[PDB]
Amino acid sequence: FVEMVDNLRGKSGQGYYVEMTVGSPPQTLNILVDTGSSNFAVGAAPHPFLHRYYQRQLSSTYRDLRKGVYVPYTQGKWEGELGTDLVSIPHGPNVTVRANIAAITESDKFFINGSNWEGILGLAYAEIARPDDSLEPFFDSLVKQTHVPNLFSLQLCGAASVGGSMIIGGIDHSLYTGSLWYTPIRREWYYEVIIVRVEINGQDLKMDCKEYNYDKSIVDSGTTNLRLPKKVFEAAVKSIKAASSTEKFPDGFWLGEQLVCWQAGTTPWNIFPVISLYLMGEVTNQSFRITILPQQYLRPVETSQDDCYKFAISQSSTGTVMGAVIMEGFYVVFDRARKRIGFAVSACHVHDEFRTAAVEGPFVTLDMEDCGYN
Ligand SMILES: CCCN(CCC)C(=O)c1cccc(C(=O)N[C@@H](Cc2ccccc2)[C@H](O)CNCc2cccc(OC)c2)c1
């Protein structure tokens, strides 16, 4: 689908956006791609951080729906006015749909100063769409009204600016190597999945696997880090710290709280451990794993003029989150038509000489559904 190849742009830590058009004639907006939420919301007022915004007065195709919406994310908040209008995606499929659109009229800590997107495309399921599930997420409208197959895939790169591909309706083998392995979407709300084993440098964390998914493990392009649940994080960092005892760092650093720096020619990569998450496979008692490097969890922050990095694993309280730390390692297929998410080694994932991100199977794991949570 070389039409859609390379249709995602971004800057480090400001997410990935796609161009879309809204209303007739078409207003062009840069919309953040987010599998972590389910609302298509766009700036409709001249906030000073925005390059552009939706002007509903300019579109003959606009239809108020005389309802207001609040949408609070973990990080952020916006208030809006619900309507509908016609939505195309220049470098996606060649269609045009009547999608719901929240017109953002008030926001706090939502938009990012210096960024180049003006909206957010929530690609997850109605069950978390605000204000309630009657509000039909864009992708559901897209499928319900076109013949575009019920799936999309994401190749998030990031070599300053990043890039990538959102293939809508399909998959493109030029974007990955090896085979796609698939883990079932456990519930259609977020893209929730189950992690059944966690390894650092090949060494199990001998932990009840129910912790790994407490109370959720989810796939979120709208998030930067790998977010391990509090106790698994406490324990994850414990072995990460211990495998990388070679060198010393402040304890705050691991809690996020301050960069750490090195030489512009060699950093100690071969000195932090690869991380492996085993994920529920498609078959009774079969799992597989995805393995990331530190060229994923140690990401640059652009006093400094040396090849430097931040620690990108952090704690949470609404689950595990496989943000871009994970996603940038892999080509990820959101197979909604089959209640399942596929991972394959990404063609662009940034590695080194020795190691590499991998996707491997099958493995034998008993009692995978007990790793879940109710
Ligand atoms: C995305 C680029 C960098 N950012 C945003 C800057 C703060 C992050 O790395 C980040 C960090 C923490 C949390 C979030 C976040 O809340 N992401 C949501 C999408 C988003 C919002 C604002 C700006 C950019 C991206 C994402 O939807 C969270 N998924 C969980 C969730 C919680 C509550 C309600 C939900 O759906 C209604 C979803 C993003």
Side-chain angles (χ1 to χ4, degrees), residues 8-18 29-43 47 49-50 69-80 82 100 102 104 106-140 154 156-158 160-164 166 187-193 215-229 233 256 296-297 299-302 310-328 334:
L8 295 187
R9 279 289 160 285
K11 340 285 152 120
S12 186
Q14 315 203 145
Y16 292 82
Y17 60 80
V18 69
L29 302 165
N30 279 336
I31 305 313
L32 184 109
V33 166
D34 176 34
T35 66
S37 81
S38 314
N39 281 87
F40 178 30
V42 65
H47 188 104
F49 292 179
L50 307 181
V69 214
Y70 169 77
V71 177
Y73 303 104
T74 45
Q75 203 152 170
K77 96 90 190 164
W78 57 268
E79 184 176 55
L82 283 156
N100 294 338
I104 294 165
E106 207 206 18
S107 72
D108 172 78
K109 282 165 180 18
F110 174 69
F111 296 119
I112 306 186
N113 194 8
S115 95
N116 197 33
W117 54 269
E118 299 88 56
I120 184 171
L121 177 63
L123 289 156
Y125 295 103
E127 189 81 294
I128 59 171
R130 314 308 194 217
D132 79 280
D133 40 85
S134 48
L135 197 83
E136 124 159 339
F138 167 88
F139 207 86
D140 305 39
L154 291 179
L156 308 198
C157 303
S161 57
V162 307
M166 176 171 44
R187 196 171 103 65
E188 279 160 314
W189 62 326
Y190 305 75
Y191 291 105
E192 186 184 23
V193 305
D215 63 329
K216 253 193 314 207
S217 298
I218 68 168
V219 198
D220 207 337
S221 66
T223 270
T224 294
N225 298 134
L226 205 205
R227 303 201 134 64
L228 308 170
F233 165 70
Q296 263 82 36
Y297 58 99
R299 47 152 227 113
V301 80
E302 292 161 0
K310 179 189 196 294
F311 188 65
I313 301 162
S314 94
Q315 39 202 116
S316 143
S317 330
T318 43
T320 265
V321 190
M322 299 164 65
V325 155
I326 298 292
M327 278 189 98
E328 280 176 0
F334 294 82

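Atom set for the values below is all heavy atoms of this structure, side chains included, hydrogens, waters and symmetry mates excluded. One is the number of the first residue; the rest follow in order along the sequence. In each ligand, atom 1 is the first atom listed, and ligand 1 is the first ligand listed.
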> Can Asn225 and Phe311 be said to form a side-chain contact (heavy atoms from CB on, under 4.5 Å), step by step?
Replying inline: CA-CA 9 Å; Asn225 298 134; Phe311 188 65; over 6 Å; no

> At the 4.0 Å heavy-atom cut-off, does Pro72 count as touching ligand 1?
Replying inline: yes

> Near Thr74, which atoms of ligand 1 are under 4.0 Å from a heavy atom of that residue?
Replying inline: 13 (C), 16 (O), 32 (C), 33 (C)

>> For atom 27 (O) of ligand 1, what's the nearest protein heavy-atom neighbour? Residue, atom name and distance, please.
In response: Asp34 OD2, 2.9 Å

> Which is closest to atom 37 (C) of ligand 1 in terms of heavy atoms, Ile120, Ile128, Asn39?
Replying inline: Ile128

>> Within the structure, is a non-hydrogen atom of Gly36 found at a distance of less than 4.0 Å from ligand 1?
In response: yes

> Quick one: nearest non-hydrogen protein atom to atom 3 (C) of ligand 1, plus distance?
Replying inline: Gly13 O, 3.2 Å

> How long is the gap from CG on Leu123 to OG on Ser221, to the nearest 0.5 Å?
Replying inline: 6.5 Å

> For atom 14 (C) of ligand 1, which of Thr223, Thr35, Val321 has the closest heavy atom?
Replying inline: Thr223

> Which of the atoms of ligand 1 are close to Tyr190, meaning less than 4.0 Å from one of its heavy atoms?
Replying inline: 30 (C), 31 (C), 38 (C)

> ligand 1 and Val71, any nitrogen or oxygen pair closer than 3.5 angstrom?
Replying inline: no

> Between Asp220 and ligand 1, does any nitrogen or oxygen pair lie at a separation below 3.5 Å?
Replying inline: yes

> Would you say the side-chain atoms of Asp108 pair up with the backbone N or O of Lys77, donor to acceptor, closer than 3.5 Å?
Replying inline: no

>> Check contact between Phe111 and ligand 1, using heavy atoms of the residue and a distance below 4.0 angstrom.
In response: no

>> Students should be able to answer this: which protein heavy-atom is nearest to atom 23 (C) of ligand 1, and at what distance?
In response: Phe110 O, 3.8 Å

> Are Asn116 and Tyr17 side-chain neighbours, meaning at least one heavy-atom pair lies under 4.5 Å?
Replying inline: yes

> Any idea which atoms of ligand 1 are less than 4.0 Å away from a heavy-atom of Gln14?
Replying inline: 2 (C)

> Is a salt bridge present between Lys11 and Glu302, judged by a nitrogen-to-oxygen distance below 4.0 Å?
Replying inline: no

> Counting only N and O atoms by type, is there a donor-acceptor contact under 3.5 Å from the side chain of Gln296 to the main-chain atoms of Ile326?
Replying inline: no

>> Pairs of nitrogen or oxygen atoms closer than 3.5 Å, one from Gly15 and one from ligand 1: do any exist?
In response: no

>> Rounded at 0.5 Å granularity, tell me how far CZ in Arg187 sits from CD1 in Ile218.
In response: 12.5 Å

> What protein heavy atom sits nearest atom 19 (C) of ligand 1, and how far away is it?
Replying inline: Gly222 O, 3.4 Å

>> Walk me through whether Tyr73 and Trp78 qualify under side-chain contact (heavy atoms from CB on, under 4.5 Å).
In response: CA-CA 9 Å; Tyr73 303 104; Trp78 57 268; 3.2 Å; yes

> Is a side-chain donor or acceptor of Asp220 paired with a backbone partner of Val321 at a separation under 3.5 angstrom?
Replying inline: no

> Nearest non-hydrogen atom to atom 4 (N) of ligand 1 belongs to which of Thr318, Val325, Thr224?
Replying inline: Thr224

>> Using a 4.0 Å cutoff against the non-hydrogen atoms of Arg130, which atoms of ligand 1 qualify?
In response: 34 (C), 37 (C)

> Between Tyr191 and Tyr125, is the ring centre distance below 6.0 Å?
Replying inline: yes

>> Within the 4.0 Å heavy-atom shell around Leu32, which atoms of ligand 1 are there?
In response: 25 (C)

>> Please check this pair: side chain of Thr224 against backbone of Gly13, looking for a donor-acceptor N/O pair closer than 3.5 Å.
In response: no

> At what distance is the nearest protein heavy atom to atom 12 (C) of ligand 1, and which residue and atom is it?
Replying inline: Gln75 NE2, 3.1 Å

> Which protein heavy atom lies closest to atom 36 (O) of ligand 1, and at what distance to 0.1 Å?
Replying inline: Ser37 CB, 3.6 Å

>> Pair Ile120, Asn39 - check side-chain contact (heavy atoms from CB on, under 4.5 Å), show working.
In response: CA-CA 7 Å; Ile120 184 171; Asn39 281 87; 5.9 Å; no

> What protein heavy atom sits nearest atom 5 (C) of ligand 1, and how far off is it?
Replying inline: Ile112 CD1, 4.5 Å

>> I'd like to know if the side chain of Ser38 reaches the main chain of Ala126, judged simply by a donor and an acceptor atom lying under 3.5 Å from each other, with no hydrogens or angles considered.
In response: no

